[PDB]
């Protein structure tokens, strides 16, 4: 028996008592040391983004301590401090041999926590294939910084990776929530010169400057496109990373990218039948404006590499954490903080 903060049904959350998970021969049981709520947890409960769920523990961002391992786990022992990726895919599928573990076994099936499997907002959680989906966490990295790696860092950096940024290129980041702020840092880690951040909330404008943004575009001062087309003197941006906004942010991205550039989306679109690609500004189909959109990489290797970027001081994700709470109870308060969305909020963390 263990307790966990779960989604009871649509529009309903509460604490439930559940059977403590048991590990298979290749699995591990981890208890959380620090968790953070996601905008997907809000979208899952109150908007049915993944369908109906009943008594499903929420959360997919956790650093924890290994409690038990299966008989065939060889690299992780009880007591180990580990960083747990948000996506813990099955590594023995055809999609992995194609190079897309994010979709191992189905579209976005690499993401299991709080989807097809109880999330991390519990006293314990299950990790499948520990040797492939766990990374050792150095003590030198504080917990609140490390818990930004499972999703926030790997998603934002993936946007910069998908953008195929060349050295000195001009990159626009549309949306500067916690994911967008990691896209700014990621663009700087891909050699971007000028980085134009698009957002309004002062807490995020300040963090965007910290992570490398050279320009701030407020949608209040006029259309994003015009602002960006003037900042670049009609040349456009080499790449645009979509990290937030409505479906029509796709149209904005296509309009600001020069012919031959890339639109890299890592934002979750939860409404509309269509994401609009403007026919004229996409060259009527022929502008060579590549559109990409991908779930964040997970697994052990991805986490180890992002841990090294924190360890060797190439990025400090702790500026994303605006709220830290203590105690298991405060998972509810941090979750509700993600629904209610103050103005000073980037990301909350609950330390256990």
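Positions refer to the first chain, counted from 1.
Comparing 234-242 with 170-178, the higher mean C-alpha B-factor in the PDB entry belongs to 234-242. Here 331-339 and 9-17 are compared by their mean Cα B-factor, and 9-17 comes out higher. Sorting 158, 74, 258, 188 by the CA temperature factor given in the entry leaves 74 at the top. Per the PDB entry, 67 shows the highest C-alpha temperature factor of the residues 315, 58, 67, 33.
Per the PDB record, residue ranking by Cα B-factor puts residue 103 in the middle third of the chain. Per-chain ranking of the deposited C-alpha B factor places residue 210 in the lowest third. When the modelled residues of the chain are ordered by C-alpha B-factor, residue 89 sits in the middle third. In the deposited entry, the Cα temperature factor of residue 49 sits in the top third of values across the chain's modelled residues.
Residue 128 sits in the middle third of its chain by CA B factor, as recorded in the PDB entry.
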